[PDB]
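Beneath this line is the structure, given in structure tokens, with notes to follow.
Heads up, the Cβs are rebuilt from the backbone with ideal geometry, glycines too, and the neighbour counts pull from every protein chain shown. Readers should treat all values here as calculations from the given coordinates under stated rules, not as data from a laboratory.
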């Protein structure tokens, strides 16, 4: 199949998210590189395999999208809970064309969206963190 | 012969890579300069010949290119191997016009691609390191 | 040629039968002998003689995360050892496992020496534990 | 080296039944580039390691199409023979391409 | 004009020779003339790439003082193949002639 | 699958009959009036304008903004190529209330369903859908209300290179020398590797 | 090799007969209908429009975006120059199903083969290939479907400078002085160097 922006589905905490912005409505990025090379004075090279595997997930929605209320309500609930209870949940993204093969193992809400009230309807950016940003493959 | 973007072939780990982005789909660069001059207070000059010869190779592919699955699968395999086994492999680039005469001696995958899901299909950037970025010549 | 790669993920430390986990973000382990191997002495005339120090003790410092669960086990073990009689043994070998071969030494008859300084703030502060050892052996694969 | 009797024992089981026409060479892939619907064809029993068609076959070609090769298919939709026509023929309008005869050799 | 690989694979499955006989003269004439040895069973495998190969080795008893210069394959007796041995051999006494493996091809 | 606009137009026409056929006029055979643009037959015959309201489907062009070649692989001994294409299509409604019909057609192409039927018939995915103007053209006597719309599609096409071939045997030769250009080599290594 | 569009057009015409000749109409000599644009002969004769479908090849222009001179060298005693050129070409299909034929022509120019045949005939490399529109022009009576396409090529041309010459002997003079402008020089060095 081939990529189309109308098939992407994002799910977190059991709810579904819609009302994406017209463009650049999703971004993924690891925190650290896979390998950090070290070069000595004599030109020899040794490799360090970083144990860091966290990542960030940025999702943009329209200002009047109903998903904004759900996320605000979820965030408000977590402010009145003891530290014993958990707040992490898998962030799952589905795309039939296989353009985005990744998922956040333990994803937690990190930053609230910035608000601007210019002439026309603007966007809201939600940022989530994750313990392990997995990059899967469709080939054995 | 003369340069044409349809003749460039890249091979790493035994597989072939296709589906390049429309423009700026390959980049090469050394890490350090060949020579670092030093100038004293009296105007005398002495030269230091750096032993560093590593480099970086950046390759861009389409979001739905099949080569993305192969690289993700290769990366996943290397995460479940002991340190005794090796992960480096020569990165060979062929171009009939002789515009790019270089090859990575021991090239290792370094960084995973950033993912963006804007309106239209985007690109994915893979970064490889190398122990020695050789610049060859077609003239004795 | 390039040397073997270093991977912090595959490093495991053990002492007194428990496993110490939850290394801090950076500089999570240090090893150091107390005295130097040789102490040269030079006379007024330039002649030289060598002293060979017999002291071979050492110190192993390990730094863990603020909320690491291994902080509780060490506290419990230390609390146990305060009530033991002087004729009971409190020392045990300190073992470091590292497939990359970057760490060469091991602790013989190691003991807990100092408790970690506790500090709090907006961020998280690592906790430093210090151990001694009767002999900090240096070992390597035969060349 | 096969004898005549073995050759005749062999050819009797080929049983080609239909013929299709292509414009691209179907040797590498006979499933593609079809230009006309399958038509029936009949053959006689082998002799001297050879079988020949029993009558002419009239094939109707659509307008503005071209034919350059052919192919034979079994009673169970498998391609068993391919070949090229005498000329590449372009049909300005619908017409009939006449197959005079066709044979398969083992000699 | 050529048979496809599928046609060859379908075709070869019908040739099922099961015995082999030796001759001191070329059996290209009447195949039952100049027979020198008794028939010996031989098996063949499935056709792949239009070629079949013998499953196992076959031992043939050459009668004492006989000569062998040719051979022929037989089925239900019809001789399906003929050929000449690599070298005419004079068995001054009883012995064994070994056929390591033999294959039939359509290419 | 090969890319042919002649088939994409037919698939879209067949899909629209079910998707939006209830708002259109119907011909003598009871079929809703959906047709391809510039109707003609037998190389000179020209179709007549149907009864309003009706729909017209016209493929504008095809481009390859996504590189030049997507995949090169071997499926059977024949070599294969895959190429990504983009096809903007133009759909217009002619009659009275053309805007009111184009709005509902827009609101249905965005459903989870309908987009599956389009892929079932044409084997292509809807990528974008532009705005709808509200046009009036005088013709003669009375104006005609019209409402065009642009729907872009994406499809992958595969072709067979009958001239290609594969390598199944490799022959390699080598030498060893203490010094560059040692005319009699110290050692020679000859190797041969078959696929089987 | 010299760059001449008259030869590039002929090479492209000869290549297309084999590449896409199976989809086109054929003339009285059985040759597929591929021709150069604005046909004419004997300075006033004008060619007739072939039977559809057919192809037309027309070279637009030539530019030198890659500097002005690529190489200057000596091959034999005659001096030589090398210059890099770029040549956009326009190929159009006229008839019914022109888009369906242009699509397949596009999908074949991108193969590893075909691009070798083009270089064998014209000695040029394909650099780019633009989009394909779907045009309709009324003519008289009936519309005609057409599908243009632009294929850019790259070629290097070499010319001989018959006015050039080479230096094979050098005569040098020099002086040494303790102070600037010492009218009688301390020493004088005279040198002469021949090629032989």
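Of note:
- Scanning region B:82-131 for residues that are under 20 Å from residue A:33 (Cα atoms), in a loop (DSSP other than H, G, I, E, B) and at the interface with chain A (Cβ under 9 Å from one of its Cβ atoms), we see that the one that is nearest to the chain's Cα centre (by Cα) is B:131.
- Any hit, region F:136-151, residues being surrounded by 17 or more Cβ atoms within 10 Å (Cβ to Cβ), within 14 Å of another protein chain (Cβ to nearest Cβ) and within 34 Å of the chain's Cα centre (by Cα): yes
- Residue in region F:164-173 that is within 30 Å of the chain's Cα centre (by Cα) and either within 13 Å of another protein chain (Cβ to nearest Cβ) or more than 22 Å from residue F:56 (Cα to Cα) (or both) present: yes
- Failed item in (1) assigned to a loop (DSSP other than H, G, I, E, B); (2) under 30 Å from residue F:79 (Cβ atoms), with residue F:113 passing the rest: (2)
- Checked against the criterion of being on the phi < 0 side of the Ramachandran plot, away from chain A (no Cβ under 14 Å), in a loop (DSSP other than H, G, I, E, B) and surrounded by 12 or more Cβ atoms within 10 Å (Cβ to Cβ), the candidates B:6, B:53 yield just one match: B:6.
- Verdict on residue F:104 being surrounded by fewer than 17 Cβ atoms within 10 Å (Cβ to Cβ), farther than 16 Å from residue F:8 by Cα and touching a helix residue (DSSP H, G or I) at 6+ places or on another chain (Cβ under 8 Å): yes
- One residue stands out in region D:69-96 among those that are away from chain E (no Cβ under 14 Å) and touching a strand residue (DSSP E or B) at 6+ places or on another chain (Cβ under 8 Å): the one that is farthest from residue G:97 (Cα to Cα), namely D:96.
- Some residue of region G:116-126 being within 14 Å of chain F (Cβ to nearest Cβ) and out of contact with any helix residue (DSSP H, G or I) (no Cβ under 8 Å at 6 or more places or on another chain): yes
- Any hit, region F:33-47, residues being touching a strand residue (DSSP E or B) at 6+ places or on another chain (Cβ under 7 Å), more than 28 Å from residue G:133 (Cα to Cα) and either surrounded by fewer than 20 Cβ atoms within 10 Å (Cβ to Cβ) or at the interface with chain G (Cβ under 10 Å from one of its Cβ atoms) (or both): no
- Within region A:16-35, the set of residues being exposed (fewer than 14 other Cβ atoms within 10 Å of the Cβ) and either touching a helix residue (DSSP H, G or I) at 6+ places or on another chain (Cβ under 6 Å) or more than 7 Å from chain B (Cβ to nearest Cβ) (or both) comprises A:16, A:18, A:31, A:32.
- Lone unmet requirement of (1) assigned to a strand (DSSP E or B); (2) facing chain A (nearest Cβ under 10 Å); (3) surrounded by fewer than 19 Cβ atoms within 10 Å (Cβ to Cβ) for residue B:70: (1)
- Hits in region D:30-50 - residues which are within 13 Å of chain E (Cβ to nearest Cβ) and surrounded by 17 or more Cβ atoms within 10 Å (Cβ to Cβ): D:30, D:46, D:49
- Those residues of region C:20-42 which are within 19 Å of the chain's Cα centre (by Cα), outside any loop (DSSP other than H, G, I, E, B) and farther than 19 Å from residue C:108 by Cβ, in sequence order: C:23
- Sole exception among (1) buried (at least 19 other Cβ atoms within 10 Å of the Cβ); (2) within 14 Å of another protein chain (Cβ to nearest Cβ); (3) over 20 Å from residue D:107 (Cβ atoms) for residue D:59, by number: (2)
- Tallying residues that are closer than 15 Å to residue D:77 by Cβ and within 13 Å of the chain's Cα centre (by Cα) within region D:15-33 yields 8.
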